[PDB]
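In what follows, a structure is listed as structure tokens, so that the remarks can point back to it.
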Amino acid sequence: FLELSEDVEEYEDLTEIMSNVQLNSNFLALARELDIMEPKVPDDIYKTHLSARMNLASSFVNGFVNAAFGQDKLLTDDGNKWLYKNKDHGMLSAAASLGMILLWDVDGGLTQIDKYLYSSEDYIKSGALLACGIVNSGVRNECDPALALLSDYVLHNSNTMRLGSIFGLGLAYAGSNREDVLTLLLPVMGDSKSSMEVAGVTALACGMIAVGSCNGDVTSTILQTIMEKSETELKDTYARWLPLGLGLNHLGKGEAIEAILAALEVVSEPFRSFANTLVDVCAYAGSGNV
Amino acid sequence: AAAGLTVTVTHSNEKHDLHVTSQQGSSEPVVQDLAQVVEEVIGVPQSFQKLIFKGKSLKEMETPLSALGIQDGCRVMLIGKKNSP
């Protein structure tokens, strides 16, 4: 999104078409013109002519097929029954898959996810919040409903609820480079109560929001969080998101990465040798630097 | 002495360019006045209705949105289900 003034002619249309507001309307219109609108069941994709996780995979592929459409009664009419029938950790992903169906459908998606927002289970609530971020992801909006919708959940004490909102804001503000969003999510990055994977997801959200921006305060917070976190518990299985945020923030820039790796040189070898390589390759991506 | 102001409400693929004014003795339109207009137009109760402006959450009922930064040409998002008691 290019942030400019209204002094230019036909500014309302320019920001709208830049915001991809009519992206969804045109995409559905062309899909109807091709007659490609019928919700393709995951069952006949599987060709079942001849289980909780398998049912989850069926729900995810159904959302993938019906993505950006918003027309799927499988998770709309009897969606509550499906998530209730679902087991353990999959209700968050099923609701997020519903948001995948409704992505780029701001008006339609928000109304059809508002009912699921007040759900009882924490996973369903977190999935609904993640569904809202998926809906507002990519497409830009004048009032930006994602920021106001994710108000208590941005720093909510519950790990799952905070994870869904943070991932939703990251997908929403991806490429927006908004100062307000950065100044609200980076303090969440500084939280110590959040788990190691929660901190990684915050770094992922910050990285995708500030991708290719060389955001200095984001990098300083990333390095400071790494330093504060103990190395032994850092290098286990989930600190691999912090270098990813660094690589995204310096994407396509190069040269200056020497400063980041020099500051990162204090880290122990098992994670430093991984982090410095990841940020280097992401920054030098699309360059032919053999 | 009507303090008219133009707001663009959007919800459920439906958009209206309402010219609302303060009615409950306030010098400027407020959340109570906007909620009353929304309830008259649709009927969503103030408990579960969600008005979104510039990414700012509406939680305080007495916060004046005219002071918060609503001007002509501003758009707001309405979230909820149309209830017909």
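Labeling convention for the structure tokens: chains A, B, ... as they appear, residues from 1 per chain, ligands from 1 in order of appearance.
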
For chain B, list the residues within 9 Å of chain A, counting only C-alpha atoms, and write the list as a PDB file with C-alpha atoms, in the first residue's frame.
ATOM      1  CA  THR B  10     -20.305  -0.383   5.806  1.00  0.00           C
ATOM      2  CA  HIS B  11     -21.593  -3.825   6.791  1.00  0.00           C
ATOM      3  CA  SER B  12     -22.637  -7.075   5.088  1.00  0.00           C
ATOM      4  CA  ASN B  13     -21.796  -5.745   1.602  1.00  0.00           C
ATOM      5  CA  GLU B  14     -24.172  -2.838   2.360  1.00  0.00           C
ATOM      6  CA  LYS B  50     -19.049  -3.438  16.895  1.00  0.00           C
ATOM      7  CA  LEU B  51     -18.259  -0.033  15.399  1.00  0.00           C
ATOM      8  CA  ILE B  52     -14.722   0.271  14.019  1.00  0.00           C
ATOM      9  CA  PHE B  53     -13.104   3.567  13.004  1.00  0.00           C
ATOM     10  CA  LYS B  54      -9.499   3.831  11.770  1.00  0.00           C
ATOM     11  CA  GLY B  55      -8.653   0.573  13.528  1.00  0.00           C
ATOM     12  CA  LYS B  56      -9.618   2.052  16.912  1.00  0.00           C
ATOM     13  CA  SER B  57     -11.797  -0.082  19.171  1.00  0.00           C
ATOM     14  CA  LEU B  58     -15.080   1.318  20.504  1.00  0.00           C
ATOM     15  CA  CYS B  74     -14.408   8.970   7.004  1.00  0.00           C
ATOM     16  CA  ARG B  75     -15.615   5.368   6.858  1.00  0.00           C
ATOM     17  CA  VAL B  76     -16.577   3.024   9.695  1.00  0.00           C
ATOM     18  CA  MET B  77     -17.199  -0.720   9.854  1.00  0.00           C
ATOM     19  CA  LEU B  78     -20.283  -2.273  11.458  1.00  0.00           C
ATOM     20  CA  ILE B  79     -19.946  -5.840  12.760  1.00  0.00           C
ATOM     21  CA  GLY B  80     -22.887  -7.905  13.948  1.00  0.00           C
ATOM     22  CA  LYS B  81     -26.009  -9.775  12.917  1.00  0.00           C
TER      23      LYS B  81
END

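Every residue of chain B found in strand (DSSP E or B) when DSSP is run on the backbone appears here: residues 5, 6, 7, 8, 9, 10, 11, 14, 15, 16, 17, 18, 19, 20, 50, 51, 52, 53, 56, 57, 74, 75, 76, 77, 78 and 79 of chain B.
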
Dump as a tab-separated table (two decimals), in the first residue's frame, selection limited to N, CA and C atoms:
chain	number	residue	atom	x	y	z
B	5	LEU	N	-22.69	15.66	10.38
B	5	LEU	CA	-21.41	15.14	9.93
B	5	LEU	C	-21.66	13.90	9.08
B	6	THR	N	-20.81	13.70	8.08
B	6	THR	CA	-20.97	12.62	7.12
B	6	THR	C	-20.07	11.45	7.51
B	7	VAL	N	-20.67	10.28	7.68
B	7	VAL	CA	-19.95	9.04	7.98
B	7	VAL	C	-20.40	7.97	7.00
B	8	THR	N	-19.47	7.12	6.59
B	8	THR	CA	-19.73	6.05	5.63
B	8	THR	C	-19.74	4.72	6.39
B	9	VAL	N	-20.94	4.25	6.73
B	9	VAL	CA	-21.09	2.98	7.42
B	9	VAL	C	-21.11	1.85	6.39
B	10	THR	N	-20.40	0.77	6.70
B	10	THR	CA	-20.31	-0.38	5.81
B	10	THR	C	-20.48	-1.66	6.61
B	11	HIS	N	-21.33	-2.56	6.12
B	11	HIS	CA	-21.59	-3.83	6.79
B	11	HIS	C	-22.34	-4.75	5.84
B	14	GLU	N	-23.22	-3.94	2.45
B	14	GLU	CA	-24.17	-2.84	2.36
B	14	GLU	C	-23.54	-1.58	2.94
B	15	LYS	N	-23.61	-0.49	2.19
B	15	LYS	CA	-22.93	0.76	2.54
B	15	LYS	C	-23.92	1.91	2.51
B	16	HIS	N	-23.79	2.82	3.47
B	16	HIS	CA	-24.64	4.00	3.55
B	16	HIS	C	-23.80	5.21	3.92
B	17	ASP	N	-24.06	6.33	3.24
B	17	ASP	CA	-23.38	7.60	3.51
B	17	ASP	C	-24.27	8.48	4.38
B	18	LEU	N	-24.35	8.13	5.66
B	18	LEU	CA	-25.27	8.77	6.58
B	18	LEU	C	-24.76	10.15	6.99
B	19	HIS	N	-25.65	11.13	6.98
B	19	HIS	CA	-25.38	12.48	7.50
B	19	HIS	C	-26.04	12.56	8.87
B	20	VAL	N	-25.31	12.17	9.90
B	20	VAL	CA	-25.83	12.07	11.25
B	20	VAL	C	-25.48	13.33	12.02
B	50	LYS	N	-20.45	-3.84	16.95
B	50	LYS	CA	-19.05	-3.44	16.89
B	50	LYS	C	-18.90	-2.35	15.84
B	51	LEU	N	-18.58	-1.14	16.29
B	51	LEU	CA	-18.26	-0.03	15.40
B	51	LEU	C	-16.75	0.16	15.39
B	52	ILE	N	-16.17	0.18	14.19
B	52	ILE	CA	-14.72	0.27	14.02
B	52	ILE	C	-14.41	1.50	13.19
B	53	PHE	N	-13.53	2.36	13.70
B	53	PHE	CA	-13.10	3.57	13.00
B	53	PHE	C	-11.59	3.66	13.06
B	56	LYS	N	-9.51	1.74	15.49
B	56	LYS	CA	-9.62	2.05	16.91
B	56	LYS	C	-10.86	1.38	17.48
B	57	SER	N	-10.69	0.65	18.58
B	57	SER	CA	-11.80	-0.08	19.17
B	57	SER	C	-12.74	0.86	19.90
B	74	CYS	N	-14.87	10.10	6.22
B	74	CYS	CA	-14.41	8.97	7.00
B	74	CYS	C	-15.38	7.80	6.89
B	75	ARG	N	-14.83	6.59	6.95
B	75	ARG	CA	-15.62	5.37	6.86
B	75	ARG	C	-15.47	4.55	8.14
B	76	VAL	N	-16.55	3.88	8.51
B	76	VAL	CA	-16.58	3.02	9.69
B	76	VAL	C	-17.15	1.67	9.31
B	77	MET	N	-16.77	0.65	10.09
B	77	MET	CA	-17.20	-0.72	9.85
B	77	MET	C	-18.17	-1.15	10.95
B	78	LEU	N	-19.28	-1.75	10.54
B	78	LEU	CA	-20.28	-2.27	11.46
B	78	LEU	C	-20.21	-3.79	11.44
B	79	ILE	N	-20.07	-4.39	12.62
B	79	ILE	CA	-19.95	-5.84	12.76
B	79	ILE	C	-21.07	-6.34	13.66

Just the number, please: distance in Å from CA of residue 85 in chain A to CA of residue 116 in chain A, one decimal.
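Computed distance, CA of residue 85 in chain A to CA of residue 116 in chain A, equals 15.5 Å.
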
With only C-alpha atoms as the counted atoms, please give the residues lying no more than 12 Å from residue 158 in chain A, apart from itself and same-chain residues fewer than 2 positions off, as a list in words.
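Neighbouring residues, sequence-local ones excluded: residues 121, 122, 123, 125, 126, 152, 153, 154, 155, 156, 160, 161, 162, 163, 164, 165, 193, 194, 195 and 198 of chain A.
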
Write out the residues from the selection above, keeping C-alpha atoms, as an mmCIF file, in the first residue's frame.
data_model
loop_
_atom_site.group_PDB
_atom_site.id
_atom_site.type_symbol
_atom_site.label_atom_id
_atom_site.label_comp_id
_atom_site.auth_asym_id
_atom_site.auth_seq_id
_atom_site.Cartn_x
_atom_site.Cartn_y
_atom_site.Cartn_z
ATOM 1 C CA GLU A 121 -13.536 -22.939 23.423
ATOM 2 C CA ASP A 122 -10.299 -20.960 23.510
ATOM 3 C CA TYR A 123 -9.076 -22.711 20.355
ATOM 4 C CA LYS A 125 -11.947 -18.174 19.657
ATOM 5 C CA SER A 126 -8.280 -18.041 18.645
ATOM 6 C CA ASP A 152 -7.624 -7.439 23.925
ATOM 7 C CA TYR A 153 -6.260 -10.489 22.079
ATOM 8 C CA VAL A 154 -3.122 -8.721 20.799
ATOM 9 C CA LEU A 155 -1.516 -9.083 24.251
ATOM 10 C CA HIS A 156 -4.031 -11.474 25.840
ATOM 11 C CA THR A 160 -3.587 -19.627 22.112
ATOM 12 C CA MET A 161 -5.723 -16.468 21.979
ATOM 13 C CA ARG A 162 -2.623 -14.278 21.704
ATOM 14 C CA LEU A 163 -1.171 -16.543 18.997
ATOM 15 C CA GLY A 164 -4.236 -16.226 16.770
ATOM 16 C CA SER A 165 -4.436 -12.439 17.031
ATOM 17 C CA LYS A 193 5.110 -14.287 29.866
ATOM 18 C CA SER A 194 4.613 -15.546 26.303
ATOM 19 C CA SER A 195 6.096 -18.925 25.427
ATOM 20 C CA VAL A 198 4.607 -17.415 20.941
#

Can you tell me how far CA of residue 41 in chain A sits from CA of residue 24 in chain A, in Å to one decimal?
21.7 Å
